[PDB]
Each structure stands twice: as structure tokens, then as C-alpha cells.
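Have a look at the structure below, then the notes.
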Amino acid sequence: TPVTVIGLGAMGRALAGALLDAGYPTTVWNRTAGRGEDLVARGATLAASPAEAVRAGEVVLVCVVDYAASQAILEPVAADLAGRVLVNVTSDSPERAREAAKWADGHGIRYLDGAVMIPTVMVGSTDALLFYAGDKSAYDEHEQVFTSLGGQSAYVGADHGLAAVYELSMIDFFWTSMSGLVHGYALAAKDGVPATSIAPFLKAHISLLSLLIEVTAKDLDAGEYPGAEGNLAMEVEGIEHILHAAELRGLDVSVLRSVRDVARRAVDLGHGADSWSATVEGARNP
Amino acid sequence: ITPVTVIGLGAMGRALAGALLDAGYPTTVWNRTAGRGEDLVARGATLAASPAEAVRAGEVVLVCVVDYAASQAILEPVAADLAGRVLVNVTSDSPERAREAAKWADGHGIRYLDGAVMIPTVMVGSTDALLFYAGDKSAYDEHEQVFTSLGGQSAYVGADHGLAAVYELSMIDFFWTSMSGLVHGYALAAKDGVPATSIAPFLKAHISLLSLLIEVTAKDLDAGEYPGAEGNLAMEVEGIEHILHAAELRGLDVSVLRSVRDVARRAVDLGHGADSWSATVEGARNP
């Protein structure tokens, strides 16, 4: 199967590299020249025009981050895209993904919206996780192409905005947790403790989080948050002691204060006696 | 065998006593309110009439009250019986409070260890339970087996008694912030009709990534260098703005995300756009 990658920014180069590693004939195209010289030596073919690149591929991966740049490239070649499988990976909104789906269907293009959930350095590895939503027969026909991009690839449904839904929900958790990791290290460093001294111990809380990922999901789906294991009214207090310790040390505490605000909102909504899962009510009713 | 005493029979106190009984230590317990601890007496603990009898029955005295002031209230009248013993306060406290408690114990001849329990009560006593201790070094080493019984990953972190709270506060800062984002990610998905149990198995990929970045972030922060050719703050910030906008469009509270983004933007305005996420530490230090 011939594959074409459009856009050779960091993501596009990684995706093309993963396809070449898997042994697929790979054609690349970038607006700015010299992004693909390393790929071309590896075995990739550089294309003059986007219309040429699209015609070289049964599956077309489009990796241009700007929507306007992406649409200005794809629309004029919609006639050449017809009958091929188009896959958009540039992270976006579910609504933007749905609009591409409508444009693509009105032109007879089978369309998959994708989300890369791991850093570019892990693209192509057997535990890389990528999400795909859209044409089911397109995914099944070229499933091993997508398995080549990441062995943990998962199709999440026919609605094209679902890949973005899974993606943004996951990176909502990820960037928020990376915010607290840096903040926790910063806190310790105000008292002279190196981050490398805490780091081995944080693995206890990673195993804890893994457990609560499941408990929290159950609770959120049931709509019931049992108070046992301590109450939200006292968890708000515990978080206020972190806030206290960090502001006395001169750190920006805007995140912790926001975390406390949503919990206090939930307490004020009658969840003072409930578990941490009940903070979802604070998030839904500001 | 070393006789041990637990004062304070809240949830934490009862778990600490139960772990001592599991390991076979003679355990004497005390609570202010009658009715907590009959389960522990059924398993072999001895209930003491007053705190002074409890402290006199133990070489090691574990105090597990809700607050430091409460420990002082129970400890001050019995400070004469503690002289020459080992006192551990597992009650949560600030590092500054822990250093004051250290002074109080010096004036009475008490070896003092400040403790912090880092896992839920249900795992107290387990081989991978983690507890921190800071303070008199001979107290920890002489009774290390007692402390390992409460949690097999127990760790003494130094002579400054406030260090146990320092380690603990850095960790639960990461913990509660992550739990806040976990709830938020599920709510975001629930807005498009996706159940949280459908997201949950995929969140395991990001747990291992977090596991990896724990090490990477610690180095960068310790060295003062944030190499960003592995993914730069400027387009990490824009990715966060996509979460923010999508969540706001759906009527969710976005105060956490806006604060996450702003701390990051601040680091970008300080010239770290091409550096890694670790460089956000500069926005956290300079609001």
C-alpha cells in the first residue's frame, strides 16, 4: 500500500518515518523545502505538488497544524483525493473534525480523524496510542498501516469528532497532572530538597492514581459519590494546607486555588459529605 | 519485643495500630472517645485508661490526632512520662509546626520523629506502603522494624523535622492536582456522551508517560535546563488552549485549565517558548 504524508513538521516526519520503518512506499510533501531530505534518503519520495503527492497515495496522512493552511492545500485537490482514504492528525476540536468530515463526504472522500497521544519520539512504537474516528471500512481496510503508526491504535467510533473527544479528555488529565508535578517539585525546592530526591517516591502515587482512574470513572458514570474513605469537606481542607504552604513560599498558586474553588463549589452544592468524585458537580455548575 | 503505643484512634490511628498487631508488636491504644478500638482490643491490643498509662506502656509512642495542637494538648500533660522515650507524630502538620514540635520535645528529653503517611489507610501495613520520617536519627534506626511494619517503603528523609511534611506536601500537590484534572477529563468526555469507563482504560497510556516524565522533569528542574527540541512550550500551550476552549464551549468550569495555561504562558513570556514543559517552573516561581 502506497501512503502519502502531507506536511513535514515534527509530527509529519515522525509519521513518515514510522511508515518507512514498516516498509510502506512513502511519498512526502512540505511547503518549506528541506524538511524531508532525511526522509528522502531513507527511501521516501518527495513530491513537487500536493496534487502529485495525493495521487501517489492510497492513504493520505495530512499533518498541517494550521486549519487554514490545511484547507487551502486539500480543497483544490479534492478531485484527486476522491476514492482515497484521507486521515487528518492535526489535533483540533471535535466540531472542526466534523466539518472536515462533511466537506470530505460531499466530495466522496473516505475520512478518518486522528489523534496522536504520545510524543513524536514514540510514534511508530508498539505501545504508541493513537485514536481514529470516522469511516469504519477505511480503518479496517488499512488497519495494519495504522498499526504501523502505533501498535496501540484504537478506533473510537463513526462520529468523526470522537477522536478529538478522547484526545482532549486524556490531555486534560495529562497537562493538569504535569502542572502539579512541576509545582510539587518547585514547592520542595523552596525548602532545599532536590527534585531527584522526591522523584523515586512519586511512583507510589502513580500506582494510586491508576487505581482511582477506575474508581472515579465508576462513580462519574453512576452519578453517586459515596463519602467513605474521608469526606470532600475535609479534602478541601487538606488542599488548603498545600495552598497555604505554597503561597508562604512565594509560588504562583493559581492552579491549587482553582482546584480548591471547584471542590468548595461542590461542597456548597451539598456534597460536603461525599468523595472526591463529587467535585464533578462543581465543574458542571460554576 | 518492643512495646508500642498508639494515641488517637481515628481511621489512621486504627490502621497504624492494626499494622503493629499484624507484625506482632505488643500494642497499647488510647482514644478520647470510647467505642473506637474494640476491634483492636479483640485482636490483641490493650486499651489504656488515660494517655499517661498509654505512654508508659510504650517504648515508641505514635500519636495520630487530626492536628498538631491536639497532640500538644494530649502530650503536654504527659510530657514527663515521655522523657527518654521515642515520640512519633503521624498527625499531618506544616514543616514549620514540625520544627516547633521538635523544640518542645527537646525541652523534655524526648527523641522525636515527624511522620507523614502517603497512602490510604487501607494499605497501611503493606510492603509497598510509603511513610516519611524526619528527625532524631537514632530513633529511626533503633526502631526501623517498627516503622517498616507500618509501611514497607518507609523512608527517613533527614534530620530537619520539617522535611517529612516537605516531601509529603510536594507529593500531594502533584496528587490532588492530578485528581482534579482526572475528574475534569471525564466531565469533558461526558459532555459528548462518552462514558468515563470508556476513557479509563486508555488513561493507562498516559500513566506510563507520566511515570517517564517524573524522572525527566526532576533532572531538568535540578539542573536549571529545559531542553525543548523534544516538544516546546509554545505549542504545548496552544494544545492546552484547545482543551480550554472546547471545555468552556461546553459550559464546564475551566479555572484549573486557565491557570495551567497562564502559568505556562508566563514562562513563554519569560522567553521559554522553545524549552520543554519543565521550564514552566519559571512561571510558577515568578507570578
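Every chain is numbered from 1, with letters handed out A, B, ... down the list of sequences. Only heavy atoms go into these numbers, but all of them, side chains included; no hydrogens, no water, no symmetry mates.
Neither the backbone nor the side chain of A/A246 comes within less than 4.5 Å of any heavy atom of chain B. At a 4.5 Å heavy-atom cutoff, the contact between B/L257 and chain A is made by side-chain atoms alone. Contact annotation for B/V183: both backbone and side-chain heavy atoms come within less than 4.5 Å of a heavy atom of chain A. The contact between B/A155 and chain A is made entirely by side chain atoms (from C-beta outward), counting heavy-atom distances below 4.5 Å. For B/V281, the parts lying near chain A are the backbone and the side chain together; criterion is any non-hydrogen pair under 4.5 Å.
Of all the heavy atoms in A/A245 and B/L169, the pair that sits closest is CB-CD2, 3.6 Å. Counting all heavy atoms, side chain and backbone alike, A/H183 lies closest to B/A284 at CD2-CB, 4.4 Å.
Residue-environment remark: NZ (B/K137) stays at or below the threshold of 12 foreign heavy atoms within 6.0 Å.
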Given side-chain contact (heavy atoms from CB on, under 4.5 Å), test A/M178 with B/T280 step by step and report yes or no.
CA-CA 10 Å; A/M178 300 281 335; B/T280 52; over 6 Å; no

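Atom CZ of B/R285 is separated from atom CZ of A/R249 by 13.5 Å, given to the nearest 0.5 angstrom. Atom CD in B/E168 sits 12.5 Å away from atom CD1 in A/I198 (nearest 0.5 Å).
Looking at heavy atoms from C-beta onward, B/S92 lies out of side-chain contact with A/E237 at the 4.5 angstrom threshold. B/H242 is not listed as a side-chain neighbour of A/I171, based on a closest heavy-atom distance of 4.5 Å or more.
Shown here are the salt bridge (charged side-chain N to carboxylate O under 4.0 Å, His left out) partners of B/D262, two or more places apart in sequence or in another chain: B/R265. Considering only residues two or more places apart in sequence or on other chains, A/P194 meets the side chain to side chain contact (heavy atoms under 4.5 Å, CB included) condition with A/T196, A/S197, B/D222. Looking at residues two or more places apart in sequence or on another chain, you find a salt bridge (charged side-chain N to carboxylate O under 4.0 Å, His left out) between B/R261 and B/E241.
A distance-only check finds no donor-acceptor pair linking the side chain of A/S179 to the backbone of B/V260 [under 3.5 Å].
Ranked by heavy-atom pairs under 4.5 Å with chain B, the list A/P286, A/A217, A/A186 is led by A/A217. Counting heavy-atom pairs closer than 4.5 Å to chain B, the top residue among A/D127, A/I118, A/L220 is A/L220. Most heavy-atom pairs under 4.5 Å with chain B, from the set A/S177, A/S277, A/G192, A/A188: that is A/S177. Among A/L129, A/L187, A/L202, A/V156, the residue with the largest count of heavy-atom pairs under 4.5 Å with chain B is A/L202.
Test B/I243, B/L252, B/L244, B/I240 against A/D172 for side-chain contact (heavy atoms from CB on, under 4.5 Å) and you get one pass: B/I243.
Residues of residues 205-215 of chain B placed with any heavy atom under 4.5 Å of a heavy atom in chain A are listed by number as B/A205, B/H206, B/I207, B/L209, B/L210, B/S211, B/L213, B/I214, B/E215.
Note on ring orientation: taking the six-membered ring where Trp is involved, the planes of B/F132 and A/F201 are perpendicular (angle over 60°, cut-offs 30° and 60°).
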